[PDB]
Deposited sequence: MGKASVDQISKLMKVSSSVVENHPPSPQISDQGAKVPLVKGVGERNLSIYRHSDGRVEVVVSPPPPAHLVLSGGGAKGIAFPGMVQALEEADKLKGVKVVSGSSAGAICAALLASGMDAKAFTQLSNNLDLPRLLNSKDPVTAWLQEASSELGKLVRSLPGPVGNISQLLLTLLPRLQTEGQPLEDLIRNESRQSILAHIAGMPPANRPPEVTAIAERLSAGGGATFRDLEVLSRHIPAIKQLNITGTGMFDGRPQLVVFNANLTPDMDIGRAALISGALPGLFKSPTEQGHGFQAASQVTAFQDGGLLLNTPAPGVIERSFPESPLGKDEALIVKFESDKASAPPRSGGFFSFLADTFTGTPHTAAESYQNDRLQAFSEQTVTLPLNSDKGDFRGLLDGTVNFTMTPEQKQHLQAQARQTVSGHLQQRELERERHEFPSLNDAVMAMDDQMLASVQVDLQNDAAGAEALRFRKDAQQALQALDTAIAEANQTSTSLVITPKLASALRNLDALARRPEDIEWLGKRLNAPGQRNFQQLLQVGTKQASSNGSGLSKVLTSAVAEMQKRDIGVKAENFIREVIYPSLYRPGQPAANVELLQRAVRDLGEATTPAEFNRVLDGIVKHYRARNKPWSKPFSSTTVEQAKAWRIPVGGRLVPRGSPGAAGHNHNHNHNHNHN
């Protein structure tokens, strides 16, 4: 029968069993929430304080990394991302009366200008990232945005004071004067202060008869004021770890009001705050907030009871599916097993070889910003190639070279994109290109297909064509495959702005 090697270790209650034939089975529970998604509303937003009480009271707010807020939930998201605790957040939410509050020139301009904006954005010779980019430059920096801006500033400064890299002290100075926090500040600040979170503000608007997803965050609109983003967001509705591993999975808490493993993951991770039970007084707010608190606590508890099993051909393959943190959790128990110890030794060597490579890149940058394959760098790639015990190791190391925030590796990958053979580099380069296309496909889908497909009155043959385009795009790994799908829109979509966009997004080649 199967032998337990590790049991209920850590917050994922990680267990590992081995069968006779060497088959290994890993069992885990969900991680605590890293992404809090608020699908807002104004009046309903009073319930949010209980949701925050529930998170903090369970020490599960600390480990939230990103807060997303949609429509009128952008406000709350911004307050929370700024590090407001449950008490402060409850106090402030009770004193708002925000439905009245949401009623000013910027908002006004958005109603009048919506048609003009829709035409403009869809007529461009070259695609833009998101209509947010237009709004950013058309509406640079009223009651609502001020409250938000003052409260985030206070909160942020307090946190900074309780802490400093020059990076943060400079944010502190800029804010003291009277500058508001931007998305880029939040991203930077989150790296050093766990209570401050990255922020996404989102919304759907109607622009010239077609719905458009608007998105503000550190990537599309880094230098944008968060208050202003939240105000814009709130005015739209009135216009009507290892990516390849199954053990590397993020948990969300998606807060709503009363391949497709992701669809049901989304719904398993969704909590519906109740609005009905056995304008608004303090007791009524206190009650609704307590209902939310309970619901969410209930949801958080149930999530801890889920378990999922993942099987692997060997203990080594399971170890290869674990990111560093997860592997550190079980390292002591696994050390006590011979195959477990060898697998930990391979990981230690790979961490050393990758470190040497990162170092050689840093060294070359001390003499020039444009990178070249110095002798020490050629040596680190030859060594990385020698570490591989089999072809799978090559692919794996190649994925590690695509680690998301790893600057030095990114430069090396650009250099690689030119040529003449490190096997790990060639692999990592092919992986990079595969990811890029993946990202362009999501973007094209979000920015071009979505609006056509959900255009009121769109004929059925076009709906069929666009839907087919979506699947094919989720299958695309190269420019050729990506372009094949766009050439088909161009040739078969029955009309024009869609066909124009389809051409405009082709990858040059």
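Participant: Would you flag the ranges of the deposited sequence that the structure leaves without C-alpha positions?
Facilitator: Those stretches are 1-33, 137-138, 177-181, 204-207, 285-320, 339-370, 391-404, 546-551, 628-637, 652-677, listed in order.
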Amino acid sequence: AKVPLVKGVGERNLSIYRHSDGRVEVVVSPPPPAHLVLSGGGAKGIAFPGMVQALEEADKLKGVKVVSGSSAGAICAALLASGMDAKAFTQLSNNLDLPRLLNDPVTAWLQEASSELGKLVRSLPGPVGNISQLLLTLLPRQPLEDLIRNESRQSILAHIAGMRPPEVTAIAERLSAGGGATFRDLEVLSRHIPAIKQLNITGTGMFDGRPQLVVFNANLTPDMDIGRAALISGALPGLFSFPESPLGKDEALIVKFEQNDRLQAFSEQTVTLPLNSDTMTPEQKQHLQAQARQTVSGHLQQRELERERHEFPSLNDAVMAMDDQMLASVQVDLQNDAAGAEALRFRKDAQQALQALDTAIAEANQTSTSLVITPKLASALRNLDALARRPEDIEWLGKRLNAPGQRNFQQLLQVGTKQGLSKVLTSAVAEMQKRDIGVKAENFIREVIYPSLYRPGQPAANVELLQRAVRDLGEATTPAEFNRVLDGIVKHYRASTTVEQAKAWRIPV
From here on, numbers count along this sequence of modelled residues.
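Participant: Report the stretch with the higher mean CA temperature factor, choosing between 56-64 and 24-32 on the basis of the entry.
Facilitator: Per the deposited B-factors, the answer is 56-64.
Participant: Looking at the entry, does 123-131 or 283-291 show the higher mean C-alpha B-factor?
Facilitator: Between 283-291 and 123-131, it is 283-291 that shows the higher mean C-alpha B-factor.
Participant: From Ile449, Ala460, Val37, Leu473, can you pick the one with the highest C-alpha B factor in the entry?
Facilitator: Highest CA B-factor of the listed options: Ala460.
Participant: Could you say which of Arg345, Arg184, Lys434, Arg303 has its CA atom at the highest B factor, as listed in the PDB entry?
Facilitator: Comparing C-alpha B-factors across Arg345, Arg184, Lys434, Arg303, the maximum falls on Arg184.
Participant: Going by what the PDB entry lists, where does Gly69 fall on CA B-factor within its chain: lowest, middle or highest third?
Facilitator: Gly69: CA B-factor falls in the lowest third of its chain.
Participant: Would you please rank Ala441 by its C-alpha temperature factor against the other modelled residues of its chain and give the third it falls in: lowest, middle or highest?
Facilitator: Lowest third.
Participant: Using the B-factors in the PDB entry, rank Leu14's C-alpha atom against the chain and give the third, lowest, middle or highest.
Facilitator: It belongs to the lowest third of the chain when residues are ordered by C-alpha B-factor.
Participant: If you rank the chain by CA B-factor, which third does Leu327 end up in: lowest, middle or highest?
Facilitator: Lowest third of the chain for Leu327's C-alpha B-factor.
Participant: Please place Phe207 in the lowest, middle or highest third of its chain according to the CA B-factor in the PDB entry.
Facilitator: CA B-factor rank for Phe207: lowest third.
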